[PDB]
Student: 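Input: one structure, supplied below.
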Protein chains: 8
Amino acid sequence: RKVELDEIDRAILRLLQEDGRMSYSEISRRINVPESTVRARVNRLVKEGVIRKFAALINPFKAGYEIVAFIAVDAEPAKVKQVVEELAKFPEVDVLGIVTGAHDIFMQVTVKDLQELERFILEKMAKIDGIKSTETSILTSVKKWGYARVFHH
Amino acid sequence: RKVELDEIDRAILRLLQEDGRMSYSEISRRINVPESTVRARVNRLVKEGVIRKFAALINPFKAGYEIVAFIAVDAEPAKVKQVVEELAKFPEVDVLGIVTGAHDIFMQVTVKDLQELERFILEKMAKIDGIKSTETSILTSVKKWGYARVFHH
Amino acid sequence: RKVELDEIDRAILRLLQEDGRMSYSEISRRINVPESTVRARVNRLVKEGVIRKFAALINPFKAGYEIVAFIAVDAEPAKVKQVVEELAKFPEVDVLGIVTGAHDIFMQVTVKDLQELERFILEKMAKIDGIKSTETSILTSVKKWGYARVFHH
Amino acid sequence: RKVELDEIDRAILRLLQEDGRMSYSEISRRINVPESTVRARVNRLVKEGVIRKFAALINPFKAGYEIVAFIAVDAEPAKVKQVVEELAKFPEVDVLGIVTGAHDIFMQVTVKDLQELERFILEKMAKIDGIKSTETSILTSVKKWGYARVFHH
Amino acid sequence: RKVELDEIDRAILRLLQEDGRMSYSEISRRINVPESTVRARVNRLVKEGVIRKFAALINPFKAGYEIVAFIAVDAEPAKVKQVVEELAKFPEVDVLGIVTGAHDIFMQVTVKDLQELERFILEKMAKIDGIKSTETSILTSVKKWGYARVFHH
Amino acid sequence: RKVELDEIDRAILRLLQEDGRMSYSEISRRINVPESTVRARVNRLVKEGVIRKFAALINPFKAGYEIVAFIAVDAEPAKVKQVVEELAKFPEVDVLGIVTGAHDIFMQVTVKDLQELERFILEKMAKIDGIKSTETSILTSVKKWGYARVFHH
Amino acid sequence: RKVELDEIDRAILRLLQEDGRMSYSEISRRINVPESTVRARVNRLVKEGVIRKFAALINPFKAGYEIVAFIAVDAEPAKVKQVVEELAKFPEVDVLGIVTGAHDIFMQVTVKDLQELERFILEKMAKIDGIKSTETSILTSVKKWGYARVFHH
Amino acid sequence: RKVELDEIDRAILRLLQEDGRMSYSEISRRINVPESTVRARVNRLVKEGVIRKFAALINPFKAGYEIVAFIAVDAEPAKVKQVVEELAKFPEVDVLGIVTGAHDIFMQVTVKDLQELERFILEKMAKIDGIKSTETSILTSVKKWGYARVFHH
Ligand SMILES: CC[C@H](C)[C@H](N)C(=O)O
Ligand SMILES: CC[C@H](C)[C@H](N)C(=O)O
Ligand SMILES: CC[C@H](C)[C@H](N)C(=O)O
Ligand SMILES: CC[C@H](C)[C@H](N)C(=O)O
Ligand SMILES: CC[C@H](C)[C@H](N)C(=O)O
Ligand SMILES: CC[C@H](C)[C@H](N)C(=O)O
Ligand SMILES: CC[C@H](C)[C@H](N)C(=O)O
Ligand SMILES: CC[C@H](C)[C@H](N)C(=O)O
């Protein structure tokens, strides 16, 4: 699973997290590596899946999403994988995985308001076979943002 | 807090989540809007903070990070804000906020292995005044990735 | 959903929470606004649903109700709305809503004694399809009263 | 503590919960009891504290309050009474009491938005000596309203 | 439900808790009341059910019972009463009732050893329709004994 | 700790749990053992502590106690024994021990009403050094009674 | 169940826990007991089952197992024994028993990595009839090792 | 940390878990490898720490230990490592590590009876600085044994 990375790969990844739209000319000047080996190394990082893709990181509060929430899901053990497959199709779901501990499934969701949160949980998620329970924790403030998939509804 | 957005702004945001390195020429062709109004609208989205920035979205598993975890933190009520300020300085911390529910603080962290996770929790976080308890849930698989800040240690 | 309110509307709402039977003559003298615009503004607040209605606020302990309790209900996710619809028909139920967190449904109930509480939970609520569990917290003292619907059994 | 009530008292209480502004003339016609004994019985109910007072029952969502929440508070056992005394002074707090179970103190609060909820919990409640922990459950919908004290901030 | 008691009744109850085999002659001397009114008052206390009966209070540890445990039972809400009826038939069960809180049913049991505890829980209680879960808390020491029904197996 | 018991001892214990005031004449007739060996065996059971004593078993509901409750206590680990010593002095406390599990101390209490329960928990128990938390479960009905120490306040 | 042991048996057991491959010659010299009575006593300890067997105690981390975890299992009460029988067949399971408390079944498992842990829980354990829930706690460091059954997959 | 192992190493480890006292002559015959390379490979496994040591695996129930328990420990975050260091010195503690989840520290202990368990928890563990809480789960039956360090008190 791990892809071999060297010092130059990590330097490129650091710059492309500073500014995802950085030119390979600018990376080249800053790490004293040829534009050409920069370009080739980025194409390999993408080809290998180290870079899934590039994105605009959106502030959902500024975009008019009032509700960013973490939902902990309890699911029938034999249905956990199928429940994750169904959850992944909703554009409200930003982050989704299977976890150790007291809950089986962990997700982050972004919705416009509390009535949209309740519709999402009770009219969409609750119809998935195998969901026994949900526990929603609503962010009241965010110090460090992750990734929000927004306006895909 | 909400910034006024129209149909064209949302279209641009959708494309810039598809490919964060999309040229304004390419957005212009795809939404039949001038490169020039595309450029001006993106500069306003960034200026207003709707777009925090652009980034490479990294697969931490492929980058050699074996541990992606959610940590729920219980903190002395009067210290919650100060605890968040201290937590935000660690490059292991990808996502960090204050939440409603049974826990006060929610975060995602990315570390190389279980011994790095324990060092992070017991030799870094545990020295913060006001942390009473931590509960770590380790991702065993991720269906939908968020945002990982990686190689900043 | 929000109804537009100005300074005078809020002043009227403050007085009508001080004394729900306050004459529009008395409100008029106290906020130096005409009885006539007071009357018209109250009719609009009621028409718009800002004022649901006026009520006597009853002390259930003084009325002979010994048990004021909060019940947290866990329900099958797909049945939560239908469970709330059935719960709303009981006159024991004063306050009833859907909530984020560890429980799905939150309610306040008022009953005469512990045997009436057990009959309510086990012979009325428990027959509702979709209720998995109830957790009752009994008020031993009330510092600030809400609203009790009483003698409707 | 219980005040002696008869059939006519309960009939009056039922009507004054139907419409808190009902004339004693109207109650008199509906229960075939003299306006005069109606008036005297209501004055005794108020004098005895059975009727705390009359109020407008406000829909906080329509009044522009987006957040109606139940907060469960864990407090140092020796400080529970003093914590309740301090909590009672905030106009955000609608309902407040001491409870049996896993939490010591139960309250309902009404605030304008999530940032006001966090300020209330972390900059007001958290400064009270003896509060160890809070757990907030946010109403996403209300089927049966209680009592909200609003515009007193 | 409450049976009318006076000063002399309470005095008799105090003495009959000091020594359940106390003669009415001895009670008569100690409270300066006639043996005859003592006898008549005890017959009424028994007839009315204030005194369920008299018993030897046994130390189960000294009787060779190593395990005195409290079991909290979670039951399907619609089956709680029937579950209690079935539980009451086992002679291992000393105390049994329905409770407010996180559990539905509370009991104390006395068994000879850990293998008898597991047989009781898994081969007797677990076959009752409606039991979803049990949580056993084993007494490691008893400061104040209640009542143990022993040698009835 | 275990005291040696034979078939006749167990037979006597069974009868003295049927009726704690049973004459040794009556036990003698029912188990075909001499009154004299019956008497000697009971004196040894008491001397050895197998029989702590005899008591009237009281129905607290009929005696006017409305509240029979189980309280789970969380205590500082180093103070658990001292907390039990202090708890044992209250006549409200019927049963008291140290337990395995999520709570340290388990007790049953009997008080007249909810205001007496709150005074007991907050003005008596809460002043004990080392009590961190209490969780009270109130009996709404009792199928099998234990032992209540009553009228000792 | 207990097998009679004397001073010499316990001395032999202490030495055979120091070094499971200790010669009976070496035990004989160290406890000043004949090789022959040492041999006979060890054969009886094995025959009686006091010594289940001898084993190499393996460090799973050094053997390339990255994941040593404790799994708490919640099971339908009537199926707990059958669930344990099925769990015992997996070579990943090192320690397995039935427990008092909030969980029914407790086990330790050893697997190569997080993806093997998830496959074990979701594709093997989850197919067992009667498993309602699992809670995995992953060891981040071990101060005192138990017993790991390794390379049996 | 991982030590390089081949097919022959794993075969030797499998046999030395079957019988920890197996002669290298017997391993040699069973895997068709020279006694001499068997001996050298075992000396390297021990030298590298893959084999911590060899031991008799004892059945504590047969050895007269009635109580095998798992204890979950909650500790002040800054003291977790020091608490583990102190816990490791007790011979009652068989297995001890730091864990992810709701508890910080996990251990297995073996003691003779319930009074020894309470003395261990309250007079030994509870005196360790930083222990906030313990939760003991007692094994009622063991299907698969781990490792018990016994008679070292
Ligand atoms: C793979 C983990 C599963 C889903 C569960 N949360 C557990 O801890 O065992
Ligand atoms: C702002 C929320 C705080 C931190 C706490 N989690 C609560 O629910 O009340
Ligand atoms: C709408 C909320 C639902 C009912 C659940 N309590 C949760 O937190 O996810
Ligand atoms: C009066 C009740 C106290 C505050 C606590 N909640 C208990 O159940 O014991
Ligand atoms: C009657 C009480 C029921 C059984 C449940 N324990 C509750 O608290 O609501
Ligand atoms: C003796 C038991 C202590 C008090 C705690 N309840 C535990 O389970 O470990
Ligand atoms: C035998 C114990 C069962 C499985 C459950 N854990 C209880 O505590 O009652
Ligand atoms: C290293 C883990 C710590 C001790 C805690 N149990 C947590 O999950 O975060």
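All chains are named by letter (A, B, ...) in the order of the sequence lines, taking the proteins before the strands, and each is independently numbered beginning at 1. Remember, it's 1-based here, ligands and their atoms both numbered in the order they're listed. These numbers come from the heavy atoms of this one structure, side chains and all, not from hydrogens, waters or symmetry mates.
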Student: I'd like to check which ligand 4 atoms, numbered from 1 as shown, lie under 4.0 Å from a non-hydrogen atom of F/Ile121.
Tutor: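 In order of number, 1 (C), 2 (C), 9 (O).
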Student: Any nitrogen or oxygen of H/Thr140, side chain or backbone, less than 3.5 Å from one on ligand 7?
Tutor: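 So ligand 7 has no N or O lying under 3.5 Å from an N or O of H/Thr140.
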Student: Looking at ligand 7, does E/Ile71 have a heavy atom less than 4.0 Å from it?
Tutor: no
Student: To the nearest 0.5 Å, tell me how far H/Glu66 CD sits from E/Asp113 CG.
Tutor: 8.0 Å
Student: Grab the two heavy atoms, one from G/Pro77 and one from E/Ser133, that are nearest each other, plus how far apart they are.
Tutor: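 For G/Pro77 and E/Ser133, the tightest heavy-atom pair comes out as CG-N, 4.1 Å.
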Student: Taking the side chain from G/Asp104 and the backbone from G/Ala75, do they hold a donor-acceptor pair closer than 3.5 Å?
Tutor: yes
Student: Is any N or O atom of H/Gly101, backbone or side chain, closer than 3.5 Å to an N or O atom of ligand 8?
Tutor: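 Indeed, backbone or side chain, H/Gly101 has an N or O that close.
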Student: How are the rings of H/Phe70 and H/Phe106 set to each other: parallel, tilted or perpendicular (split at 30° and 60°)?
Tutor: parallel
Student: Tell me whether G/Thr100 reaches ligand 7 (any heavy atom closer than 4.0 angstrom to a ligand atom).
Tutor: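 For ligand 7, residue contact (heavy atoms, under 4.0 Å) with G/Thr100 is present.
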Student: Would you mind running through ligand 4 and noting each atom that sits below 4.0 Å from a heavy atom of D/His103?
Tutor: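 This gives 6 (N) as the contact atoms.
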Student: Given 3.5 Å as the limit, does a donor-acceptor pair link the side chain of G/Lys144 with the main chain of H/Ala88, or not?
Tutor: yes
Student: Between B/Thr134 and ligand 8, which residue portion shows a heavy-atom distance shorter than 4.0 Å: side chain, backbone, both, or neither?
Tutor: both
Student: Tell me which protein heavy atom sits closest to atom 8 (O) of ligand 4, plus the residue, atom name and distance to 0.1 Å.
Tutor: F/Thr136 N, 2.8 Å
Student: Could you tell me whether a side-chain N or O of H/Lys143 sits under 3.5 Å from a main-chain N or O of G/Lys81, the two making a donor and an acceptor?
Tutor: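 Not at all, since once roles are kept as given, no pair shorter than 3.5 Å links the two residues.
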Student: Provide, to 0.1 Å, the distance between atom 4 (C) of ligand 4 and the closest protein heavy atom, together with that atom's residue and name.
Tutor: D/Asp104 OD1, 3.4 Å
Student: Donor-acceptor check, side chain of A/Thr100 to backbone of B/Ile138, threshold 3.5 angstrom: yes or no?
Tutor: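 Judged by distance alone, yes, a pair lies under 3.5 Å.
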Student: Looking at non-hydrogen atoms alone, which of H/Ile98, H/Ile105, H/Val73, H/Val99 comes nearest to atom 2 (C) of ligand 8?
Tutor: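 The residue whose heavy atom sits nearest atom 2 (C) of ligand 8 is H/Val99.
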